[PDB]
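For reference, the chain that follows is the form deposited in one PDB entry, supplied as structure tokens.
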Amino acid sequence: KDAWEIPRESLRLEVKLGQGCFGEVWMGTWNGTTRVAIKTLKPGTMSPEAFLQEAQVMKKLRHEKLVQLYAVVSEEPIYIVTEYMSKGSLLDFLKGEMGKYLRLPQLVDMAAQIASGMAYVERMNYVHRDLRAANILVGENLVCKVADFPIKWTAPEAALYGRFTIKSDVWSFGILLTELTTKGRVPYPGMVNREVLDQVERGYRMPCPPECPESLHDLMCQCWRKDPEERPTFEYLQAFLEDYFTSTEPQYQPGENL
């Protein structure tokens, strides 16, 4: 019971946000002042240790582009409280309305910010294991942050031999690049998990998404190298994206969709 622990009182659980197997996500007010997301755990559905492992994880990881843990209610009902992100998941946001007006530059910025949060995660020798647009939260100002709550996003060695490493996160990140540039569409359209596993192993990689720049597709392809160690770092990725429109696609012109 630590200095992240708080009273449920400082927490106003205003709006529910998600329905899970082990709890619900609420949008609430912390100290009646600061807007916060609140991941509840339904006691009797999952041990506190288990549910608060993610919280313990979030503690050691303070970064501008990661969902910041804000406080915790360990003693049941077990609330985890975090900075709130107005726009919800990057997935709901890509598929959704404001998605339609997102082009490469905003998409690549997001990529960049995630790449960054993920780079932070990298420095920390942490792994995400579920890096995918559904786990990126968008904030105001297209702030996106890595959050957490799927073999299409999962690097083979991770999907197959459970070799989940930041590198397999890079892989996912590659998938997230397609989410980002397909406006949230499901990776490997028309293919189902087994067709994907079968495929990705035979060496299949998604083609260049409609109107996405080959250089962004190459980035993706790097992210999906069979050999995990060949996959780039998120320091490379971040930087590659941050600088994308100068070092990589200076001649970029907005398009219909990207």
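Each residue number is its position in the shown sequence, starting from 1. Under this definition, the rigid core comprises the largest set of C-alpha atoms superposing within 1.5 Å between the forms.
According to the entry, the deposited sequence has 10 or more residues without coordinates between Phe149 and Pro150.
Of the two segments, 192-200 and 39-47, the one listed with the higher mean B-factor is 39-47 (C-alpha atoms only). If you average the C-alpha B-factors over 109-117 and over 140-148, the higher value belongs to 140-148. Residues shown: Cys223, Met206, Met58, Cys212. Highest C-alpha temperature factor in the entry: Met58.
For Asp92, the recorded CA B-factor ranks within the lowest third of the chain. Only modelled residues enter the ranking.
When the modelled residues of the chain are ordered by C-alpha B-factor, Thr82 sits in the middle third.
For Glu122, the recorded CA temperature factor ranks within the middle third of the chain's modelled residues. The entry lists a Cα temperature factor for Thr233 that places it in the lowest third of the chain's modelled residues. In the PDB entry, a CA B factor belonging to the lowest third of its chain's modelled residues is recorded for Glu179.
Only in words, not in the display: the form deposited in another entry, which the text now covers.
Residue showing a CA shift of 2 Å or more between this form and the one not shown (rigid core superposed; candidates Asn193, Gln53, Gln68, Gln199): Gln53. Relative to the superposed rigid core, the position of the CA of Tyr236 differs between this form and the one not shown by less than 2 Å. Between the C-alpha atoms of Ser89 and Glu54, a gap widened by no less than 3 Å is obtained in the other entry, as opposed to the form on display. Look at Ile114 and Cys21: in the other entry their Cα atoms come 3 Å or more closer than in this form.
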